[PDB]
Amino acid sequence: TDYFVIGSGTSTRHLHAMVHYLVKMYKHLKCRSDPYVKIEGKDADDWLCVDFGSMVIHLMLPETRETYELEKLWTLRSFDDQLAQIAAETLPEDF
Amino acid sequence: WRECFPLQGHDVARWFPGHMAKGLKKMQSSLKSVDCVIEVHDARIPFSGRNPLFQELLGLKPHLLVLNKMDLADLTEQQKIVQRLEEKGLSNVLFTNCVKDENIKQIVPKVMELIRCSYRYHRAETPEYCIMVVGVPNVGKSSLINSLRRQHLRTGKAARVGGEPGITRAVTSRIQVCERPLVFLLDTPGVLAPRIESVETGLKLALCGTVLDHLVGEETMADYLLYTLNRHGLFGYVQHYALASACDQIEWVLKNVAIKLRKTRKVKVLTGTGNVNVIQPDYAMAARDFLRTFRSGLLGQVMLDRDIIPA
Amino acid sequence: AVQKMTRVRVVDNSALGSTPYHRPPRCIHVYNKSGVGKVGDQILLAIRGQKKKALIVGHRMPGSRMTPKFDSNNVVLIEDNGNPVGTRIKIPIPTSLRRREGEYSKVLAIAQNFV
Amino acid sequence: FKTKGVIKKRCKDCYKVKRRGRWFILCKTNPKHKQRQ
RNA sequence: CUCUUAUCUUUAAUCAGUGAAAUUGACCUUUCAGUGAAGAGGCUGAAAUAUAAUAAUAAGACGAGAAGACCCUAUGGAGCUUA
RNA sequence: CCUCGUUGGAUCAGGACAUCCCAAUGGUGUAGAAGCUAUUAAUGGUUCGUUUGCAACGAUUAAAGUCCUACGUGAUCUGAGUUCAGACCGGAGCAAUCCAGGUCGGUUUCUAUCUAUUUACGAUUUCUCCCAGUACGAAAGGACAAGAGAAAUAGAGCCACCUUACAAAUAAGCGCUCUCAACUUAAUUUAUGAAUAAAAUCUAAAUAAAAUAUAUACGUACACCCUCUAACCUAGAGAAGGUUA
Ligand SMILES: Nc1nc2c(ncn2[C@@H]2O[C@H](COP(=O)(O)OP(=O)(O)NP(=O)(O)O)[C@@H](O)[C@H]2O)c(=O)[nH]1
Ligand SMILES: [Mg+2]
Ligand SMILES: [Mg+2]
Ligand SMILES: [Mg+2]
Ligand SMILES: [Mg+2]
Ligand SMILES: [Mg+2]
Ligand SMILES: [Mg+2]
Ligand SMILES: [Mg+2]
Ligand SMILES: [Mg+2]
Ligand SMILES: [Mg+2]
Ligand SMILES: [Mg+2]
Ligand SMILES: [Mg+2]
Ligand SMILES: [Mg+2]
Ligand SMILES: [Mg+2]
Ligand SMILES: [Mg+2]
Ligand SMILES: [Mg+2]
Ligand SMILES: [Zn+2]
């Protein structure tokens, strides 16, 4: 995508409201040719993400944000610490 | 060593093969001709696995609980256990070893004493006493029959005895067991449960051999065995198998024992570039052998119910 | 094409998918009206004596032209709520996950490489 | 509409009609009283 | 096995030569509902209906063959054992 | 008097409605959404496993209906039992033997004479989106109908691609494409209106309508009129059929 947006929220109630508010505004704000957008993560209680055509917004509660640390991954493309910790392997015989 | 063993979604043991069903109601019919009922249960799980069905279906007659396999267990608690049993409602109980024929004399006097106090009604005039042995599979019900047969009748083995759960299939005909009291024993197939309550209750029974390890997983049972063995301080598996400082990871300990036994498999591992068959140490065979030494008793005397239900 | 009892590879950094307990996870269920699972199709996984949801991100069966055919059947572990269990994916993930119907944005956020 | 073997008026406002080959009691006050034969 | 496919050979089928078997009351040998012994091509009532081959299927003809199975009978046998 | 009296699976299904799902409705202790109960309707559908004598269990589903068709169906196949010749245990008998007691092992074949049958149709369901986080509701929560797109399965076809073969010019699916209309009608709901003096009454009164599943009025397909030594054919067992500068 062209842009990546991450937004924190106090509680699950707050996350639902803003996600609904933005979606309502998006349909109101032109987008006549552009299609509609699904709201993803409503089943989850801590992470909601809406994938607009040119923008993807991921909304999550505070605790979830630090666990995943999405900002580091997209800022540091391939130098992310967690991605670095992962390693490749090969499998020869034991003896 | 890990303080708490986690489950969070492990399946509970599933049972009731057909033979345990058609046999379960043939027991009930036999209650007409039975003067007493024996419950046989492994002495390592005094409270964990006892099938609830037996008490509900047949609770009217006098009752004695037999705790077989007392030798391969640590019964230092005993007295506290006995008091706990009385609170539950287990008025009569006594620990028995059938391979060494220990304490198998005391059963007949107690069994006769219970029948005295009770009533006999339809069979009041019969001088022939018939009683029934029931329990979860692989507790020594069939062994008890033979052991009594040779301690009193002195003839020998009359019921096939095996090292695997589910050898006795159906309620068979009567087998002569004693002569002077003349008690007769009826042998019934082991019946485990429809539901096993906690999954831990199902692990504790899997370790005792009540559950065929192949519908619970050898590896999962092995992890629980290591988890319990380390907590109880019985580090006797680090000398049978050289493990140096010991460990709390099942994969590590299983690695060493597989090396000690020189066992290897060709296993298909799934990698990024495709599937390759790689020679590997035999973790599954290690788990099967590791459980066997525990069952024989060379890994130490264990009382599973010590921790959760000390009472 | 993932089916029931297929052996699959956990392409993730989650603890449950690590090489310890070498026994590969096996598929118990495919969440499709057909039992065949393709890219983007959820499945139920037998992993380490547990039952966990997973999302197919690559497989060895030929697909339509212009799309990547991988050398292994790959999956990512998914929580009951739908959040991915692992926090990073390093193996390439096909870009076709973006459009197809479903909730796939969360997984795409976790994966740096797209092929 | 409960279909009953024998139809009986249940209140003052209940009235009886013969529609589409059957007898009906219809009540304006209480729709519960509607019945068919 | 999901979930089957392709190819080759045997068989098949057409042509030429040779030429059996169980079987068979007679047959100009239909469908439906009724009747009836759980039962109908053939009876009752409706219906259908130019005549003959060739190749396929196996629902029916209680389909055809065996020294099969089960039960009962005979002042029928036989083997075995004894107190 | 103590005892004890064929059915699974596979294949292909025909039918009933006493309806499990899909569709049309009445009532409610129906606000919405979930439910409960009733009526009409037989339309197509109604999964894959674990345990294995079936009885529970796991994961799904719009739903995993109840039944009839000599277990529907072994001259289509197959398991167990009926159940024996061998052999063991447990019990009974002096024995031979026995047990509607356990177990292990254990061979029914059929070349089709007759009837019957062997060449087309006009689609079902789910999910997302929109309506709309709207209506409703104190909040919590949370829809109709109308509209759009996706899949799945079923039916019918096809070979540009992909894939597997003939290490043949082809055949296949694991690949691709296409699928629709309802004259007329049941429960039910409206309008006009008498019997019945009404600003009554949906009417086994005369009437005007709307409203399930069905189906064939209505359309597609077929139609032609017949040279054939022979050769060839994406037509085929034979025959038939097509092609021939
Ligand atoms: N160490 C030990 N092993 C015992 C004892 N009693 C029986 N066993 C073991 O347990 C097995 C026999 O169990 P068995 O008598 O068949 O039990 P069951 O419950 O009658 N069998 P089933 O599961 O078929 O119902 C043998 O492996 C025997 O060595 C005992 O007192 N001590
Ligand atoms: Mg000839
Ligand atoms: Mg003739
Ligand atoms: Mg004729
Ligand atoms: Mg007839
Ligand atoms: Mg006639
Ligand atoms: Mg013929
Ligand atoms: Mg026939
Ligand atoms: Mg016959
Ligand atoms: Mg006579
Ligand atoms: Mg049918
Ligand atoms: Mg009806
Ligand atoms: Mg037949
Ligand atoms: Mg053999
Ligand atoms: Mg034939
Ligand atoms: Mg709507
Ligand atoms: Zn009324």
# chains A, B, ... in the order shown; residues from 1 in each chain; ligands from 1

$ residues_around --residues "stretch 91-93 of chain C" --least-positions-apart "2" --cutoff "8 Å" --atoms "only C-alpha atoms (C1' of nucleotides)" --output "list in words"
residues 11, 57, 58, 89, 95, 111, 112, 113, 114 and 115 of chain C

$ select_by_dssp --residues "chain C" --states "strand (DSSP E)" --output "PyMOL selection string"
chain C and resi 9-10+26-30+42-47+50-58+74-78

$ write_last_selection --atoms "N, CA and C atoms" --output "PDB file, in the first residue's frame"
ATOM      1  N   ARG C   9       3.511 -27.120   7.097  1.00  0.00           N
ATOM      2  CA  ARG C   9       4.646 -26.413   7.673  1.00  0.00           C
ATOM      3  C   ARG C   9       4.174 -25.083   8.240  1.00  0.00           C
ATOM      4  N   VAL C  10       4.519 -24.820   9.496  1.00  0.00           N
ATOM      5  CA  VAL C  10       4.118 -23.590  10.168  1.00  0.00           C
ATOM      6  C   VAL C  10       5.143 -22.523   9.800  1.00  0.00           C
ATOM      7  N   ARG C  26      -0.756 -31.694  11.604  1.00  0.00           N
ATOM      8  CA  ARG C  26      -1.617 -32.320  10.610  1.00  0.00           C
ATOM      9  C   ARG C  26      -2.987 -31.657  10.615  1.00  0.00           C
ATOM     10  N   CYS C  27      -3.590 -31.560   9.433  1.00  0.00           N
ATOM     11  CA  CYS C  27      -4.868 -30.881   9.275  1.00  0.00           C
ATOM     12  C   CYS C  27      -6.012 -31.763   9.763  1.00  0.00           C
ATOM     13  N   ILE C  28      -6.891 -31.187  10.583  1.00  0.00           N
ATOM     14  CA  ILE C  28      -8.057 -31.898  11.098  1.00  0.00           C
ATOM     15  C   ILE C  28      -9.297 -31.499  10.313  1.00  0.00           C
ATOM     16  N   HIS C  29      -9.333 -30.256   9.839  1.00  0.00           N
ATOM     17  CA  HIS C  29     -10.535 -29.728   9.212  1.00  0.00           C
ATOM     18  C   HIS C  29     -10.159 -28.594   8.276  1.00  0.00           C
ATOM     19  N   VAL C  30     -10.905 -28.487   7.182  1.00  0.00           N
ATOM     20  CA  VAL C  30     -10.773 -27.400   6.220  1.00  0.00           C
ATOM     21  C   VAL C  30     -12.063 -26.597   6.264  1.00  0.00           C
ATOM     22  N   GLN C  42      -8.838 -21.098   5.600  1.00  0.00           N
ATOM     23  CA  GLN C  42      -8.548 -21.496   6.968  1.00  0.00           C
ATOM     24  C   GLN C  42      -8.636 -23.010   7.119  1.00  0.00           C
ATOM     25  N   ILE C  43      -7.886 -23.536   8.088  1.00  0.00           N
ATOM     26  CA  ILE C  43      -7.928 -24.951   8.429  1.00  0.00           C
ATOM     27  C   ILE C  43      -7.774 -25.098   9.935  1.00  0.00           C
ATOM     28  N   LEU C  44      -8.172 -26.263  10.436  1.00  0.00           N
ATOM     29  CA  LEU C  44      -7.995 -26.623  11.836  1.00  0.00           C
ATOM     30  C   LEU C  44      -6.814 -27.577  11.941  1.00  0.00           C
ATOM     31  N   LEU C  45      -5.934 -27.321  12.902  1.00  0.00           N
ATOM     32  CA  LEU C  45      -4.625 -27.952  12.953  1.00  0.00           C
ATOM     33  C   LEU C  45      -4.472 -28.780  14.221  1.00  0.00           C
ATOM     34  N   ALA C  46      -3.904 -29.975  14.072  1.00  0.00           N
ATOM     35  CA  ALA C  46      -3.478 -30.797  15.205  1.00  0.00           C
ATOM     36  C   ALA C  46      -2.001 -30.515  15.451  1.00  0.00           C
ATOM     37  N   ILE C  47      -1.703 -29.728  16.482  1.00  0.00           N
ATOM     38  CA  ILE C  47      -0.340 -29.288  16.756  1.00  0.00           C
ATOM     39  C   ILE C  47      -0.038 -29.508  18.235  1.00  0.00           C
ATOM     40  N   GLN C  50      -2.637 -30.088  20.636  1.00  0.00           N
ATOM     41  CA  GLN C  50      -3.568 -28.977  20.714  1.00  0.00           C
ATOM     42  C   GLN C  50      -4.329 -28.876  19.399  1.00  0.00           C
ATOM     43  N   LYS C  51      -5.433 -28.136  19.429  1.00  0.00           N
ATOM     44  CA  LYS C  51      -6.226 -27.862  18.239  1.00  0.00           C
ATOM     45  C   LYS C  51      -6.207 -26.363  17.994  1.00  0.00           C
ATOM     46  N   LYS C  52      -5.636 -25.958  16.862  1.00  0.00           N
ATOM     47  CA  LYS C  52      -5.382 -24.557  16.575  1.00  0.00           C
ATOM     48  C   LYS C  52      -5.763 -24.264  15.132  1.00  0.00           C
ATOM     49  N   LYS C  53      -6.254 -23.050  14.902  1.00  0.00           N
ATOM     50  CA  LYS C  53      -6.605 -22.613  13.563  1.00  0.00           C
ATOM     51  C   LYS C  53      -5.369 -22.114  12.826  1.00  0.00           C
ATOM     52  N   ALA C  54      -5.353 -22.333  11.513  1.00  0.00           N
ATOM     53  CA  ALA C  54      -4.241 -21.910  10.678  1.00  0.00           C
ATOM     54  C   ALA C  54      -4.767 -21.463   9.323  1.00  0.00           C
ATOM     55  N   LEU C  55      -4.003 -20.592   8.670  1.00  0.00           N
ATOM     56  CA  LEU C  55      -4.374 -20.018   7.384  1.00  0.00           C
ATOM     57  C   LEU C  55      -3.356 -20.438   6.334  1.00  0.00           C
ATOM     58  N   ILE C  56      -3.838 -21.029   5.245  1.00  0.00           N
ATOM     59  CA  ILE C  56      -2.965 -21.507   4.178  1.00  0.00           C
ATOM     60  C   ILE C  56      -2.471 -20.310   3.377  1.00  0.00           C
ATOM     61  N   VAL C  57      -1.151 -20.139   3.320  1.00  0.00           N
ATOM     62  CA  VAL C  57      -0.541 -19.052   2.560  1.00  0.00           C
ATOM     63  C   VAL C  57       0.271 -19.549   1.377  1.00  0.00           C
ATOM     64  N   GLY C  58       0.526 -20.849   1.278  1.00  0.00           N
ATOM     65  CA  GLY C  58       1.213 -21.401   0.129  1.00  0.00           C
ATOM     66  C   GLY C  58       1.077 -22.906   0.062  1.00  0.00           C
ATOM     67  N   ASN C  74       2.455 -24.189   3.347  1.00  0.00           N
ATOM     68  CA  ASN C  74       2.735 -23.249   4.420  1.00  0.00           C
ATOM     69  C   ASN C  74       1.437 -22.792   5.069  1.00  0.00           C
ATOM     70  N   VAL C  75       1.520 -22.453   6.355  1.00  0.00           N
ATOM     71  CA  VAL C  75       0.372 -21.970   7.110  1.00  0.00           C
ATOM     72  C   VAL C  75       0.862 -21.011   8.182  1.00  0.00           C
ATOM     73  N   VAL C  76      -0.058 -20.193   8.680  1.00  0.00           N
ATOM     74  CA  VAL C  76       0.194 -19.289   9.794  1.00  0.00           C
ATOM     75  C   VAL C  76      -0.861 -19.565  10.854  1.00  0.00           C
ATOM     76  N   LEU C  77      -0.429 -19.689  12.105  1.00  0.00           N
ATOM     77  CA  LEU C  77      -1.346 -20.013  13.187  1.00  0.00           C
ATOM     78  C   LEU C  77      -2.186 -18.797  13.545  1.00  0.00           C
ATOM     79  N   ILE C  78      -3.483 -19.023  13.733  1.00  0.00           N
ATOM     80  CA  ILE C  78      -4.456 -17.960  13.952  1.00  0.00           C
ATOM     81  C   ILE C  78      -5.165 -18.218  15.272  1.00  0.00           C
TER      82      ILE C  78
END

$ residues_near_ligand --ligand "ligand 4" --cutoff "12 Å" --atoms "only C-alpha atoms (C1' of nucleotides) and all ligand atoms" --output "PyMOL selection string"
(chain E and resi 27-30+41+49-52) or (chain F and resi 114-115)

$ write_last_selection --atoms "C-alpha atoms (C1' of nucleotides)" --output "PDB file, in the first residue's frame"
ATOM      1  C1'   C E  27     -46.841 -69.912 -24.407  1.00  0.00           C
ATOM      2  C1'   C E  28     -49.626 -65.654 -29.333  1.00  0.00           C
ATOM      3  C1'   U E  29     -44.597 -64.452 -22.625  1.00  0.00           C
ATOM      4  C1'   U E  30     -47.040 -55.975 -21.194  1.00  0.00           C
ATOM      5  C1'   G E  41     -47.219 -61.475 -17.620  1.00  0.00           C
ATOM      6  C1'   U E  49     -49.973 -51.562 -27.880  1.00  0.00           C
ATOM      7  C1'   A E  50     -47.313 -52.394 -36.315  1.00  0.00           C
ATOM      8  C1'   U E  51     -43.726 -56.602 -36.936  1.00  0.00           C
ATOM      9  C1'   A E  52     -38.729 -58.662 -36.159  1.00  0.00           C
TER      10        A E  52
ATOM     11  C1'   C F 114     -38.481 -64.400 -21.134  1.00  0.00           C
ATOM     12  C1'   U F 115     -40.543 -59.704 -19.040  1.00  0.00           C
TER      13        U F 115
END

$ closest_atom_pairs --of "chain F" --to "ligand 8" --cutoff "9 Å" --atoms "only C-alpha atoms (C1' of nucleotides) and all ligand atoms" --output "CSV"
residue,atom,partner,partner_atom_place_in_ligand_line,distance
F:75,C1',ligand 8,1 (Mg),7.2
F:112,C1',ligand 8,1 (Mg),8.5
F:116,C1',ligand 8,1 (Mg),8.9

$ interface_residues --of "chain A" --to "chain C" --cutoff "6 Å" --atoms "only C-alpha atoms" --output "mmCIF file with N, CA, C and O atoms, in the first residue's frame"
data_model
loop_
_atom_site.group_PDB
_atom_site.id
_atom_site.type_symbol
_atom_site.label_atom_id
_atom_site.label_comp_id
_atom_site.auth_asym_id
_atom_site.auth_seq_id
_atom_site.Cartn_x
_atom_site.Cartn_y
_atom_site.Cartn_z
ATOM 1 N N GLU A 40 -12.409 -5.350 9.264
ATOM 2 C CA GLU A 40 -11.816 -6.619 9.654
ATOM 3 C C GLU A 40 -11.446 -6.596 11.129
ATOM 4 O O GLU A 40 -11.037 -5.565 11.670
ATOM 5 N N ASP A 43 -14.520 -9.603 15.139
ATOM 6 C CA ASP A 43 -14.517 -10.738 16.054
ATOM 7 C C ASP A 43 -13.533 -10.513 17.193
ATOM 8 O O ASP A 43 -13.832 -10.817 18.354
ATOM 9 N N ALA A 44 -12.356 -9.979 16.883
ATOM 10 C CA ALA A 44 -11.368 -9.701 17.911
ATOM 11 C C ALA A 44 -11.786 -8.494 18.740
ATOM 12 O O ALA A 44 -12.518 -7.613 18.280
ATOM 13 N N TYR A 68 3.132 -6.790 19.179
ATOM 14 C CA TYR A 68 3.440 -6.990 17.767
ATOM 15 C C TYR A 68 4.503 -6.015 17.273
ATOM 16 O O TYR A 68 5.377 -6.395 16.486
#

$ interface_residues --of "chain C" --to "chain B" --cutoff "8 Å" --atoms "only C-alpha atoms" --output "tab-separated table (two decimals) with C-alpha atoms, in the first residue's frame"
chain	number	residue	atom	x	y	z
C	8	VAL	CA	1.88	-28.87	6.82
C	9	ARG	CA	4.65	-26.41	7.67
C	20	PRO	CA	10.93	-29.16	18.84
C	21	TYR	CA	8.28	-31.86	18.72
C	22	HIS	CA	9.45	-32.72	15.22
C	24	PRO	CA	4.63	-32.10	11.75
C	49	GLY	CA	-1.62	-32.21	21.24
C	50	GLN	CA	-3.57	-28.98	20.71
C	51	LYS	CA	-6.23	-27.86	18.24
C	71	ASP	CA	7.71	-26.03	-2.64
C	72	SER	CA	5.95	-26.61	0.70

$ residues_near_ligand --ligand "ligand 11" --cutoff "9 Å" --atoms "only C-alpha atoms (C1' of nucleotides) and all ligand atoms" --output "NGL selection string"
:F and (13-15)

$ closest_atom_pairs --of "chain F" --to "chain D" --cutoff "7 Å" --atoms "only C-alpha atoms (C1' of nucleotides)" --output "JSON lines"
{"residue": "F:26", "atom": "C1'", "partner": "D:1", "partner_atom": "CA", "distance": 5.0}
{"residue": "F:27", "atom": "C1'", "partner": "D:32", "partner_atom": "CA", "distance": 5.8}
{"residue": "F:38", "atom": "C1'", "partner": "D:2", "partner_atom": "CA", "distance": 5.9}
{"residue": "F:204", "atom": "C1'", "partner": "D:21", "partner_atom": "CA", "distance": 4.4}

$ write_last_selection --atoms "N, CA and C atoms (P, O5', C5', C4', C3', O3' and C1' of nucleotides)" --output "PDB file, in the first residue's frame"
ATOM      1  P     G F  26     -49.258 -12.933   8.828  1.00  0.00           P
ATOM      2  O5'   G F  26     -50.093 -13.766   9.896  1.00  0.00           O
ATOM      3  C5'   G F  26     -51.459 -14.071   9.670  1.00  0.00           C
ATOM      4  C4'   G F  26     -52.028 -14.917  10.779  1.00  0.00           C
ATOM      5  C3'   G F  26     -51.674 -14.489  12.192  1.00  0.00           C
ATOM      6  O3'   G F  26     -52.441 -13.395  12.659  1.00  0.00           O
ATOM      7  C1'   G F  26     -51.368 -16.812  11.988  1.00  0.00           C
ATOM      8  P     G F  27     -51.794 -12.357  13.700  1.00  0.00           P
ATOM      9  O5'   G F  27     -51.599 -13.218  15.024  1.00  0.00           O
ATOM     10  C5'   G F  27     -52.709 -13.846  15.645  1.00  0.00           C
ATOM     11  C4'   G F  27     -52.287 -14.714  16.802  1.00  0.00           C
ATOM     12  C3'   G F  27     -51.391 -14.060  17.837  1.00  0.00           C
ATOM     13  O3'   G F  27     -52.097 -13.220  18.733  1.00  0.00           O
ATOM     14  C1'   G F  27     -50.543 -16.194  17.305  1.00  0.00           C
ATOM     15  P     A F  38     -46.860 -27.035  17.474  1.00  0.00           P
ATOM     16  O5'   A F  38     -47.874 -26.168  16.607  1.00  0.00           O
ATOM     17  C5'   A F  38     -49.271 -26.408  16.666  1.00  0.00           C
ATOM     18  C4'   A F  38     -50.035 -25.421  15.823  1.00  0.00           C
ATOM     19  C3'   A F  38     -49.971 -25.633  14.319  1.00  0.00           C
ATOM     20  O3'   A F  38     -50.857 -26.634  13.853  1.00  0.00           O
ATOM     21  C1'   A F  38     -49.532 -23.376  14.790  1.00  0.00           C
ATOM     22  P     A F 204     -66.097 -18.376   0.682  1.00  0.00           P
ATOM     23  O5'   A F 204     -67.220 -18.876   1.694  1.00  0.00           O
ATOM     24  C5'   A F 204     -67.337 -20.246   2.036  1.00  0.00           C
ATOM     25  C4'   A F 204     -67.992 -21.038   0.934  1.00  0.00           C
ATOM     26  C3'   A F 204     -69.496 -21.218   1.044  1.00  0.00           C
ATOM     27  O3'   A F 204     -70.196 -20.099   0.531  1.00  0.00           O
ATOM     28  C1'   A F 204     -68.452 -23.277   0.460  1.00  0.00           C
TER      29        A F 204
END

$ residues_near_ligand --ligand "ligand 2" --cutoff "12 Å" --atoms "only C-alpha atoms (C1' of nucleotides) and all ligand atoms" --output "PyMOL selection string"
chain E and resi 14-19

$ interface_residues --of "chain C" --to "chain E" --cutoff "12 Å" --atoms "only C-alpha atoms (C1' of nucleotides)" --output "PDB file with N, CA, C and O atoms, in the first residue's frame"
ATOM      1  N   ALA C   1      -3.126 -27.925  -2.339  1.00  0.00           N
ATOM      2  CA  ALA C   1      -4.431 -28.408  -1.909  1.00  0.00           C
ATOM      3  C   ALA C   1      -4.322 -29.161  -0.590  1.00  0.00           C
ATOM      4  O   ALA C   1      -4.002 -30.347  -0.562  1.00  0.00           O
ATOM      5  N   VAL C   2      -4.582 -28.455   0.499  1.00  0.00           N
ATOM      6  CA  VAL C   2      -4.538 -29.040   1.832  1.00  0.00           C
ATOM      7  C   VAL C   2      -5.840 -29.782   2.099  1.00  0.00           C
ATOM      8  O   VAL C   2      -6.931 -29.282   1.803  1.00  0.00           O
ATOM      9  N   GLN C   3      -5.726 -30.980   2.662  1.00  0.00           N
ATOM     10  CA  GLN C   3      -6.858 -31.828   2.998  1.00  0.00           C
ATOM     11  C   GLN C   3      -6.751 -32.225   4.463  1.00  0.00           C
ATOM     12  O   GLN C   3      -5.830 -31.816   5.172  1.00  0.00           O
ATOM     13  N   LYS C   4      -7.701 -33.035   4.915  1.00  0.00           N
ATOM     14  CA  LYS C   4      -7.591 -33.642   6.233  1.00  0.00           C
ATOM     15  C   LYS C   4      -6.429 -34.626   6.246  1.00  0.00           C
ATOM     16  O   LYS C   4      -6.253 -35.405   5.305  1.00  0.00           O
ATOM     17  N   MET C   5      -5.630 -34.577   7.311  1.00  0.00           N
ATOM     18  CA  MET C   5      -4.485 -35.452   7.567  1.00  0.00           C
ATOM     19  C   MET C   5      -3.264 -35.073   6.741  1.00  0.00           C
ATOM     20  O   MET C   5      -2.279 -35.819   6.743  1.00  0.00           O
ATOM     21  N   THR C   6      -3.293 -33.951   6.031  1.00  0.00           N
ATOM     22  CA  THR C   6      -2.096 -33.473   5.355  1.00  0.00           C
ATOM     23  C   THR C   6      -1.105 -32.905   6.360  1.00  0.00           C
ATOM     24  O   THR C   6      -1.485 -32.242   7.328  1.00  0.00           O
ATOM     25  N   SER C  34     -16.196 -27.285   0.215  1.00  0.00           N
ATOM     26  CA  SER C  34     -15.343 -28.385  -0.199  1.00  0.00           C
ATOM     27  C   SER C  34     -14.247 -28.591   0.838  1.00  0.00           C
ATOM     28  O   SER C  34     -13.841 -27.657   1.535  1.00  0.00           O
ATOM     29  N   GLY C  35     -13.766 -29.821   0.939  1.00  0.00           N
ATOM     30  CA  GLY C  35     -12.708 -30.110   1.882  1.00  0.00           C
ATOM     31  C   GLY C  35     -11.319 -29.786   1.394  1.00  0.00           C
ATOM     32  O   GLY C  35     -10.345 -30.057   2.097  1.00  0.00           O
ATOM     33  N   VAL C  36     -11.202 -29.218   0.200  1.00  0.00           N
ATOM     34  CA  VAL C  36      -9.914 -28.836  -0.366  1.00  0.00           C
ATOM     35  C   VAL C  36      -9.579 -27.426   0.093  1.00  0.00           C
ATOM     36  O   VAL C  36     -10.408 -26.515  -0.016  1.00  0.00           O
TER      37      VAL C  36
END

$ residues_near_ligand --ligand "ligand 6" --cutoff "9 Å" --atoms "only C-alpha atoms (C1' of nucleotides) and all ligand atoms" --output "PyMOL selection string"
chain E and resi 40-44

$ write_last_selection --atoms "N, CA, C and O atoms (P, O5', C5', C4', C3', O3' and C1' of nucleotides)" --output "PDB file, in the first residue's frame"
ATOM      1  P     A E  40     -47.035 -60.014  -6.715  1.00  0.00           P
ATOM      2  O5'   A E  40     -47.862 -61.012  -7.633  1.00  0.00           O
ATOM      3  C5'   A E  40     -47.202 -62.019  -8.389  1.00  0.00           C
ATOM      4  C4'   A E  40     -47.788 -62.130  -9.769  1.00  0.00           C
ATOM      5  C3'   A E  40     -47.957 -60.795 -10.496  1.00  0.00           C
ATOM      6  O3'   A E  40     -47.700 -60.945 -11.891  1.00  0.00           O
ATOM      7  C1'   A E  40     -50.049 -61.861 -10.304  1.00  0.00           C
ATOM      8  P     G E  41     -46.194 -60.967 -12.445  1.00  0.00           P
ATOM      9  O5'   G E  41     -46.362 -60.807 -14.019  1.00  0.00           O
ATOM     10  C5'   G E  41     -46.920 -59.628 -14.579  1.00  0.00           C
ATOM     11  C4'   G E  41     -47.555 -59.903 -15.916  1.00  0.00           C
ATOM     12  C3'   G E  41     -48.731 -60.866 -15.899  1.00  0.00           C
ATOM     13  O3'   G E  41     -49.944 -60.206 -15.584  1.00  0.00           O
ATOM     14  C1'   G E  41     -47.219 -61.475 -17.620  1.00  0.00           C
ATOM     15  P     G E  42     -50.971 -60.826 -14.521  1.00  0.00           P
ATOM     16  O5'   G E  42     -51.836 -61.851 -15.377  1.00  0.00           O
ATOM     17  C5'   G E  42     -52.175 -61.565 -16.728  1.00  0.00           C
ATOM     18  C4'   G E  42     -52.765 -62.763 -17.421  1.00  0.00           C
ATOM     19  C3'   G E  42     -53.674 -63.630 -16.545  1.00  0.00           C
ATOM     20  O3'   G E  42     -54.758 -64.145 -17.315  1.00  0.00           O
ATOM     21  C1'   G E  42     -51.941 -64.948 -17.419  1.00  0.00           C
ATOM     22  P     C E  43     -56.213 -63.477 -17.227  1.00  0.00           P
ATOM     23  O5'   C E  43     -56.720 -63.842 -15.763  1.00  0.00           O
ATOM     24  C5'   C E  43     -57.838 -64.692 -15.556  1.00  0.00           C
ATOM     25  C4'   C E  43     -58.517 -64.385 -14.247  1.00  0.00           C
ATOM     26  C3'   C E  43     -59.169 -63.014 -14.157  1.00  0.00           C
ATOM     27  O3'   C E  43     -60.480 -63.010 -14.694  1.00  0.00           O
ATOM     28  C1'   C E  43     -57.836 -63.399 -12.233  1.00  0.00           C
ATOM     29  P     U E  44     -60.998 -61.787 -15.592  1.00  0.00           P
ATOM     30  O5'   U E  44     -61.383 -60.667 -14.532  1.00  0.00           O
ATOM     31  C5'   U E  44     -62.430 -60.869 -13.600  1.00  0.00           C
ATOM     32  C4'   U E  44     -62.672 -59.632 -12.776  1.00  0.00           C
ATOM     33  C3'   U E  44     -62.557 -58.307 -13.516  1.00  0.00           C
ATOM     34  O3'   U E  44     -63.733 -57.961 -14.222  1.00  0.00           O
ATOM     35  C1'   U E  44     -61.273 -58.197 -11.554  1.00  0.00           C
TER      36        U E  44
END

$ closest_atom_pairs --of "chain E" --to "ligand 9" --cutoff "8 Å" --atoms "only C-alpha atoms (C1' of nucleotides) and all ligand atoms" --output "Markdown table"
| residue | atom | partner | partner_atom_place_in_ligand_line | distance |
| --- | --- | --- | --- | --- |
| E:62 | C1' | ligand 9 | 1 (Mg) | 6.8 |
| E:63 | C1' | ligand 9 | 1 (Mg) | 6.1 |
| E:64 | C1' | ligand 9 | 1 (Mg) | 6.9 |
